[PDB]
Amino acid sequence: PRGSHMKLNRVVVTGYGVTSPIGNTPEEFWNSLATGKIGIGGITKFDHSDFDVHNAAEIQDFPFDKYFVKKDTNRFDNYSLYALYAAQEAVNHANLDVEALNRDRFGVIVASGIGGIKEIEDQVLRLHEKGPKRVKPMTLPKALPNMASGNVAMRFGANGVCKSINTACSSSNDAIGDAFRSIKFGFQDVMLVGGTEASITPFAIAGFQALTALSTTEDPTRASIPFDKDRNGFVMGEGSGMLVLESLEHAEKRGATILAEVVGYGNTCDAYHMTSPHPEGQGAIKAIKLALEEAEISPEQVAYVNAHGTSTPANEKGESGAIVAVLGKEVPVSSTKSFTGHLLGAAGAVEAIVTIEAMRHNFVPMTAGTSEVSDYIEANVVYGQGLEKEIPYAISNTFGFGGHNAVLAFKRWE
């Protein structure tokens, strides 16, 4: 028989990995934040002469050779390559020996908003140029958005939970929350969890341009400017973040080095507009409150907010309103999309890494680029330079296309 009651478990972070426009190790990634070096510049992945958008945050130095060989491009779109690299880096960082685990209690969640969209565009064209017999056998294994999760599970022998979650910009915030809840409620002992996106393509840029969602600002240093009066759309980035989560008991029993604790998760829905956030941040308020309630902390204990902060007029008006409503005007807020661009399905995972690293360095990274915050924005937006401070608890927001709100609360470790 099963018990009537479940005794809750604590959940800790033991390692992480990243490939991104500002670095491919936590040390490189943090150094960019601490020195004020952004990753936005002119697009190089395709000819963008006919577009209205000419900037993106690219990974121009992906360390392909560390783990892969040429034949791996037959099997993996970049959206999977990025996840596999970040997952191996996270396993290494955690000093996790996957051959010593209970593999039935080891799971994987790899979120993505769009999946292998380069593969889709290129094979649609091949179909219509050459006919159906010439579509590549590996088209769907490369393209379908769940495949990165299955690929990561195969690499590490994870026989437990394996899934992908899609909530657009919230996808990897929801992934980390779901993995946290799995471990908290006793289903798994170890989860590799995060997100990945590789959507700097003609089609995906054209689609977001058609939605009027992208900044058309020519100067790459003035294009991603969250909370700034001149903001006018997001700048697309690419990459992956992956975290190792463990039960506290599992981590301590094996002598792991613990990097942070996950303590709360809030997920709500605006049920308001298909792509615009609620203008007063109504769903965002409720998501923040849920995360704090689960973590058993008061608003005054939150010492940093890593904002969703995509650099749109509507987003930061509501998001500042939501943060002020729940937490007030003193808590420091910054958006690191000013450095990384908008990583879409990978945004929550990379921003969880930002938040953990901020707690471990006693340092709130600035919002790069921003100079003049809108008059009506009442939140304590950090810009110009970062802030030295103790950060015992912090939250990271994502408020995504489709109305999906997700907030994670983290606690500094001992």
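In case it trips you up, residue 1 is the first one in the sequence shown, and so on.
With respect to the recorded C-alpha B factors, which stretch has the higher mean value, 30 to 38 or 342 to 350?
-> Result: 30 to 38.
Mean CA B-factor: is it higher for 51 to 59 or for 371 to 379?
-> It is 371 to 379 that shows the higher mean C-alpha B-factor.
Please pick out which of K118, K136, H273, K142 has the largest Cα B-factor as recorded in the entry.
-> Spelled out: the listed residue with the top C-alpha B-factor is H273.
Which one, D77, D97, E89, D174, has the peak C-alpha temperature factor per the PDB entry?
-> Max CA B-factor in the entry, restricted to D77, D97, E89, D174: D97.
Within this chain's modelled residues, let me know which third the CA B factor of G15 belongs to: lowest, middle or highest.
-> Middle third by C-alpha B-factor.
Chain-wide C-alpha B factor ranking for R254, given as lowest, middle or highest third | As the PDB entry reports it, the C-alpha B-factor of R254 lands in the highest third of its chain.
Chain third (lowest, middle, highest) by recorded CA B-factor, residue given as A394 = Its C-alpha B-factor belongs to the middle third of this chain's values.
What third of the chain, by the recorded C-alpha B-factor, contains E218?
-> Highest third of the chain for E218's C-alpha B-factor.
Sorting the chain's CA B-factors, does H308 end up in the lowest, middle or highest third?
-> As the PDB entry reports it, the C-alpha B-factor of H308 lands in the lowest third of its chain.
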